[PDB]
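Notes follow the structure.
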Amino acid sequence: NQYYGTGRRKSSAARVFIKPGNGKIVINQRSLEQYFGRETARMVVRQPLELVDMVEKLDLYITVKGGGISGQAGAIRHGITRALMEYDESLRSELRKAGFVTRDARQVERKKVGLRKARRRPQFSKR
Amino acid sequence: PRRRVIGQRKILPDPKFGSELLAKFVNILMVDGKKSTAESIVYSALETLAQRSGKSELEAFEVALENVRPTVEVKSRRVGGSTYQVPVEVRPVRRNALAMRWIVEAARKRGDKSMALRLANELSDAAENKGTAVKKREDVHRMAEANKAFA
Amino acid sequence: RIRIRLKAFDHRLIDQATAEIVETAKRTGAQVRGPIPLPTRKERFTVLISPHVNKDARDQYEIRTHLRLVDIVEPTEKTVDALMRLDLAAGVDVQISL
Amino acid sequence: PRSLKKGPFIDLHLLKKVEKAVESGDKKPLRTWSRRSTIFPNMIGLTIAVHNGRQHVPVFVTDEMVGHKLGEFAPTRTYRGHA
Amino acid sequence: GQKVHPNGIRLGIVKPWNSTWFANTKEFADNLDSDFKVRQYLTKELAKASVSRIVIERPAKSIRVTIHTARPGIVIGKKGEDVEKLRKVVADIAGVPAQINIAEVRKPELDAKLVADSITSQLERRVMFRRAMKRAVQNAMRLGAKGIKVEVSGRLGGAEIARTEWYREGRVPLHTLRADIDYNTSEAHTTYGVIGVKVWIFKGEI
Amino acid sequence: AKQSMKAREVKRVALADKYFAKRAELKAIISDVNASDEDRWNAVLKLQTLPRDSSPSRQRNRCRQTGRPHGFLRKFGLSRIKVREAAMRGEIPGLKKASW
Amino acid sequence: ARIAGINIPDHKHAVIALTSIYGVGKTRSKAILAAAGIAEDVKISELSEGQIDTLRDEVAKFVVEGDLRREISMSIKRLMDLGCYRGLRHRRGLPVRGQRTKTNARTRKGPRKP
RNA sequence: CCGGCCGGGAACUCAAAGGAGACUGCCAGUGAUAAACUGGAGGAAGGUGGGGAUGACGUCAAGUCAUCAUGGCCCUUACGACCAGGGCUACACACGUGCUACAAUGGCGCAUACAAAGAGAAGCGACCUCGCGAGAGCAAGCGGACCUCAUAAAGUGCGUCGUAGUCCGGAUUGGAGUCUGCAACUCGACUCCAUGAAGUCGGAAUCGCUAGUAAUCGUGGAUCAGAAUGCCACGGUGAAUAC
RNA sequence: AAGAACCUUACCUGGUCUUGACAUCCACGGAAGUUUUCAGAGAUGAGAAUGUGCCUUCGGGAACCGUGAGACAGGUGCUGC
């Protein structure tokens with residue numbers, strides 16, 4: 001049936017439903033090639049399915065809000081990790097040794113008062 | 001820094017053909033926060049590179065990177081206060097990064113129709129030992145040979 | 001269909017207000033949808049704290065306005081009247097939508 | 001510039017003054033504190049002493065001056081040179 | 001520039017506000033200005049009558065003013081009659097009609113506005129300043145308080161060069177946000193100028 | 001902060017509401033799209049012959065307590081210094097020190 | 001390849017080669033070539049002489065190089081002989097539209113020798 | 001009419017309240033039976049997880065008597081008060097801080113994707129019509145997770161320019177306007193047409209930055225009738241290096 | 001300075017007012033208030049109409065405004081040593 005994963009990354013929120021089936025991936029009524037065209041999420045959504053060789057036997061239904069392109073990519077990857085963790089508790093042990101399980105939090109730093117964009121001080125001059 | 005011996009970050013392996021070296025080359029090449037345009041420049045450089053060698057793109061990149069590669073470099077140091085230039089051996093992860101940096105900073109010059117053609121010129125000219133990358137390497141090796149008295 | 005949309009600054013105070021509203025309405029004949037936590041509005045003011053120069057010295061304050069929705073469906077006249085007769089607190093602002 | 005649907009701007013006191021000078025027919029100057037007023041075609045040929053902050057400089061309304069404001073022909077800041 | 005206001009951060013963390021109402025973008029400035037007017041009007045007439053703070057609530061298009069005084073019989077006077085006079089100015093100067101309550105102060109040697117009123121009163125009586133500070137500090141610590149710090153700044157004896165001078169007894173932890181610290185400042189206008197009294201009183205942790 | 005300036009602002013407000021009731025009416029003739037040319041020119045001149053105060057582009061929104069022109073905020077209706085004082089004293093409801 | 005004022009280039013596209021004339025820029029060249037019907041992509045060298053004449057009369061519709069230079073110089077001289085404020089700013093070589101004169105204006109004031 | 005659009009669902013994103021968690025808690029090794037360090041397990045998070053608020057005693061007789069308050073001097077048909085116009089916007093020059101560039105990792109044209117945060121009542125102002133555009137007209141909704149501001153831009157796909165002061169750059173100036181406002185000359189912002197300056201990476205010197213950071217791209221707010229390249233915030237992409 | 005076209009505005013030129021634009025007191029009156037005109041750059045100066053209300057000692061008392069004297073008012077004037 002349906003195994004659910006959620007993945008958040010850099011203000012992106014993806015929710016993934018994995019099920020047994022084809023290799024076809026559906027994302028916001030679109031395929032993977034027509035939603036993400038660049039290097040990211042033609043690879044990083046394949047990576048948890050590339051660690052354990054099960055690309056063909058399961059199909060995904062992903063819907064995602066927030067962020068940009070690579071943030072949504074990492075959100076989908078972190079959600080596919082949880083969705084495959086719903087398969088087997090040995091899978092999290094096998095893919096904990098390569099990344100993919102950590103939330104990879106690292107939000108943007110808020111702009112500090114007096115500074116310019118939270119680290120860049122404006123051009124100190126002695127005289 | 002002053003105190004810590006902080007561990008290095010992990011870069012993503014390459015999408016097209018997996019290499020941490022190619023990803024580091026893309027990251028050194030990109031300016032102003034644009035990974036995609038530099039990745040496209042690297043790929044349309046390495047696709048017009050493996051035809052002018054016959055050896056394929058990763059191996060042409062590897063031994064085109066080998067001819068521009070330092071084994072010793074010059075640092076500045078004090079013993080008594082004269083503050084002169086000393087030779088010192090380089091790290092392998094430092095020497096591949098210094099190689100990639102020398103290639104891209106020499107490829108910013110020799111202006112051609114595009115940057116991809118400029119890399120296609122400078123990778124080949126370094127593969128055949130007459131580029132400006134290997135010239136900067138020969139400068140560094142000559143300067144660290146001329147100061148060899150300091151060990 | 002009466003919807004009680006009520007705002008306050010203090011959230012522990014606005015828990016009590018919507019609690020008394022939902023208790024008094026759910027007492028005698030109403031199938032209310034309950035407290036709905038509509039999003040808190042954070043309003044931020046940057047002020048200078050010096051009476052002169054030192055532009056870099058600043059204070060950032062905020063007013064947080066908490067929204068709570070209560071949705072009465074299947075109403076009863078004594079429920080809405082005994083809701084009206086309550087005068088819960090100062091600090092909460094109620095608006096009943098007929 | 002103003003809008004075209006608003007029309008040209010003039011004070012009421014300046015318009016009454018220039019119509020009094022038209023029905024009077026004389027060519028004696030009139031001193032005004034109305035630099036923001038557009039020059040009108042009926043004012044042509046009479047010298048108007050426009051205020052520049054200190055004094056009233058007399059400007060003679062020509063035909064070519066008929067689009068601009070009165071204050072454009074009265075310089076306010078004096079400057080000769082730094083040497 | 002140092003030392004953020006203690007009440008100003010424990011407003012969020014521990015201490016309650018002095019105003020308790022809600023207003024939209026329209027009513028806010030009018031409500032705030034009316035509250036300022038009623039506070040600055042009650043301030044003198046009960047600054048002879050040992051007030052500490054008033055708390056303004058705005059329930060149901062009316063104003064509700066709780067007055068925390070150390071001498072409630074002086075505020076109410078004979079039969080509460082003077083309070084009615086306060087109503088017939090506050091229900092005027094707020095617009096909306098008024099309801100004025102008097103809350104008592106149990107021990108007036110632990111409320112910082114009253115101690116600042118005490119030291120400023122003594123300093124306007126031309127007493128020596130160290131007598132006033134040591135009397136107030138010993139009175140609070142002998143009546144029971146986990147800490148007190150008083151501080152006077154200004155010309156302080158009649159003096160050309162003005163200096164600060166402070167006394168602590170006990171512990172006054174200002175960085176501990178879970179601590180209960182009430183602080184107030186007041187101004188004593190003597191013939192040489194203004195002398196400012198800042199008092200902190202730490203009563204325990206919350 | 002010059003009590004004459006507070007008197008000037010309260011003089012401008014008192015003209016402002018009255019001749020703003022007049023002004024929004026007489027100002028609508030100038031620019032609807034199609035009133036006339038005669039009454040456009042008439043409304044320009046009669047709009048000019050109102051007092052200058054009673055134009056709401058002449059008030060400054062000064063502070064209420066100090067009467068200070070700069071540093072104003074419209075939410076509280078105060079200057080920045082008196083907002084900081086009233087916020088630290090607790091006079092302003094719901095205004096905590098923000099950190100996020 | 002000869003529009004009465006000047007010569008136009010031959011290896012540029014017809015829009016960019018048309019913008020060589022004083023008095024037309026991007027928009028006016030686009031409108032001229034839209035009237036005459038030549039595509040914007042093709043070079044001048046592929047055009048033929050009847051089509052160059054049907055370009056020429058539409059460029060002759062507008063005010064272009066010679067009488068435009070006459071018009072501009074006559075307006076600036078009219079300002080300088082009027083005695084207005086913009087006339088005096090055109091006189092002394094200073095910014096006219098109310099720009100900063102304290103620090104900048106190094107275009108209108110000339111290159112900085114002193 | 002495939003639009004969460006409608007029944008409906010209470011799963012999920014989310015919203016907000018309440019808890020659990022992270023404490024060198026566990027393991028190994030080294031250390032004075034220690035404090036601690038180093039590493040490993042599990043864990044979303046690893047050792048003050050990231051960031052903010054928080055500024056000790058005092059120094060500079062630092063800044064402000066022009067926010068306020070105040071002691072003392074000074075003025076009182078004036079240094080007080082009212083008004084119109086001007087000035088604070090000047091211009092041989094020097095410096096500080098920013099913006100835009102000198103292009104091909106780019107300019108232009110067409111098509112298309114992905115955000116967060118916030119504001120709104122003499123205010124935000126859909127749809128439709130008119131105007132090349134700024135905007136105009138008529139005009140619903142909205143005190144707002146509803147409605148509007150408001151199509152995010154970098155990106156991407158195709159074409160074109162083919163290294164020229166050039167299809168770079170967009171200063172300056174002329175003409176024609178729009179809008180706010182009693183009023184746009186001094187002295188507003190923007191639009192359209194024409195103009196097309198310096199500038200080909202910058203001397204001695206000098207600044208910021210240790211990771212979602214620098215860099216780069218847009219958005220929003222306060223002040224505000226109108227008038228940001230400033231300030232304050234928000235997200236997109238996103239490094240290099242530390243011996 | 002989180003925003004100088006007028007305002008802001010503290011500055012300058014010119015025109016004006018003095019217990020005063022902001023307060024309290026005292027004496028005399030007049031409802032307040034609204035419309036409109038003429039002169040003037042405007043402040044101001046002069047009017048011509050309209051309304052006459054509340055509690056009632058109701059010759060009065062509350063808001064309002066005008067006139068006259070003196071305490072005074074006012075000062076973004078100086079000294080942050």
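All residue names refer to the structure tokens as shown: chains lettered A, B, ... in order, residues numbered from 1 in each chain, ligands numbered from 1 in order.
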Could you write out as a ChimeraX atom specification the residues of chain A within 10 Å of chain C, counting only C-alpha atoms? /A:113-115
Store the residues of this selection in a file with C-alpha atoms, as a PDB file, in the first residue's frame.
```
ATOM      1  CA  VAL A 113      21.263  44.889  13.123  1.00  0.00           C
ATOM      2  CA  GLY A 114      24.082  47.211  12.128  1.00  0.00           C
ATOM      3  CA  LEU A 115      25.495  44.747   9.596  1.00  0.00           C
TER       4      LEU A 115
END
```
Could you pull out the strand (DSSP E) residues of chain C from DSSP and send them as a PyMOL selection string? chain C and resi 2-8+31-36+41-48+58-73+92-97
Residues of chain F near chain E: apply a cut-off of 6 Å, count only C-alpha atoms, and supply the list as a list in words.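 Filtering chain F at 6 Å from chain E with only C-alpha atoms gives residues 76, 77, 88, 90, 91, 93 and 96 of chain F.
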Generate the output file for the selected residues, N, CA, C and O atoms, as a PDB file, in the first residue's frame.
```pdb
ATOM      1  N   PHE F  76       1.902  53.812  17.538  1.00  0.00           N
ATOM      2  CA  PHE F  76       1.758  54.311  18.897  1.00  0.00           C
ATOM      3  C   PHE F  76       1.449  55.798  18.905  1.00  0.00           C
ATOM      4  O   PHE F  76       0.869  56.312  19.866  1.00  0.00           O
ATOM      5  N   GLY F  77       1.823  56.503  17.847  1.00  0.00           N
ATOM      6  CA  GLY F  77       1.661  57.937  17.829  1.00  0.00           C
ATOM      7  C   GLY F  77       2.683  58.675  18.647  1.00  0.00           C
ATOM      8  O   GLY F  77       2.387  59.753  19.160  1.00  0.00           O
ATOM      9  N   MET F  88       9.697  50.058  27.934  1.00  0.00           N
ATOM     10  CA  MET F  88      10.448  49.522  29.058  1.00  0.00           C
ATOM     11  C   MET F  88       9.666  49.655  30.356  1.00  0.00           C
ATOM     12  O   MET F  88       9.695  48.752  31.197  1.00  0.00           O
ATOM     13  N   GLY F  90       6.547  49.381  30.658  1.00  0.00           N
ATOM     14  CA  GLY F  90       5.400  48.501  30.628  1.00  0.00           C
ATOM     15  C   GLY F  90       4.098  49.167  30.263  1.00  0.00           C
ATOM     16  O   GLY F  90       3.043  48.531  30.363  1.00  0.00           O
ATOM     17  N   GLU F  91       4.137  50.422  29.824  1.00  0.00           N
ATOM     18  CA  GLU F  91       2.907  51.147  29.540  1.00  0.00           C
ATOM     19  C   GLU F  91       2.250  50.660  28.253  1.00  0.00           C
ATOM     20  O   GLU F  91       1.031  50.771  28.099  1.00  0.00           O
ATOM     21  N   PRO F  93       0.920  47.825  25.803  1.00  0.00           N
ATOM     22  CA  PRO F  93       0.531  46.418  25.949  1.00  0.00           C
ATOM     23  C   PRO F  93       1.110  45.566  24.834  1.00  0.00           C
ATOM     24  O   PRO F  93       1.227  46.008  23.691  1.00  0.00           O
ATOM     25  N   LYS F  96       6.775  43.106  23.724  1.00  0.00           N
ATOM     26  CA  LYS F  96       7.946  42.457  24.281  1.00  0.00           C
ATOM     27  C   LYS F  96       9.187  42.833  23.486  1.00  0.00           C
ATOM     28  O   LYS F  96       9.119  43.306  22.351  1.00  0.00           O
TER      29      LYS F  96
END
```
Contacts of stretch 73-87 of chain G at 10 Å or less, counting only C-alpha atoms (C1' of nucleotides), minus same-chain residues fewer than 6 places along, as an MDAnalysis selection string? (chainID D and resid 59 62 64:65 68:76) or (chainID G and resid 67 94:98) or (chainID H and resid 173:175 185:186)
Expected answer as a VMD selection string: chain H residues within 9 Å of chain G, only C-alpha atoms (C1' of nucleotides): chain H and resid 89 to 93 160 167 171 to 175 185 to 187 193 to 195 197 to 198
Could you list, as a PyMOL selection string, every residue within 8 Å of residue D:54, counting only C-alpha atoms (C1' of nucleotides) and ignoring same-chain residues fewer than 5 positions away? (chain H and resi 86) or (chain I and resi 13-14)
Residues near residue G:54, cut-off 12 Å, only C-alpha atoms (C1' of nucleotides), skip fewer than 2 positions along chain, as a list in words: residues 3, 32, 33, 34, 35, 36, 37, 38, 47, 48, 49, 50, 51, 52, 56, 57, 58, 59, 60 and 61 of chain G
